């Protein structure tokens, strides 16, 4: 059974720098997109979506167009204290009306040192 690994429990970064949030998957089956969120509640905030959408602050560490790719780590540029919080890497499987959440990493606590 597929695992989503967030290797880093916490990340400390200076304001204005690039934060690297790491995530790998042990398999690409079952099929379905990876997404990043801040928070794990119902009010959680979408940070990156493999399927669709524009996320200009977000760069991917690896080439996600590589058929082979299993690295879903992201970089968030010009970080501010407003960016701090817990970030979760999430695998969805295909589902009929909607895709459904399948596996999650254990989270990454992003801390920002001001100024």
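Positions refer to the first chain, counted from 1.
In the other compared entries of this protein that model both flanking residues, residue 100 has coordinates in every one, well short of a third left out.
Residue 15, present in the displayed chain, goes without coordinates in a third or more of the other PDB entries compared that cover both sides of it. The stretch with the higher mean CA B factor, choosing between 101-109 and 12-20, is 12-20. Mean CA B-factor, 86-94 versus 37-45: the higher value falls on 37-45. In the deposited entry, the Cα temperature factor of residue 58 places it in the middle third of its chain's modelled residues.
Among the modelled residues of its chain, residue 80 has a C-alpha B-factor that falls in the highest third according to the deposited record.
Per the PDB record, residue ranking by Cα B-factor puts residue 4 in the middle third of the chain.
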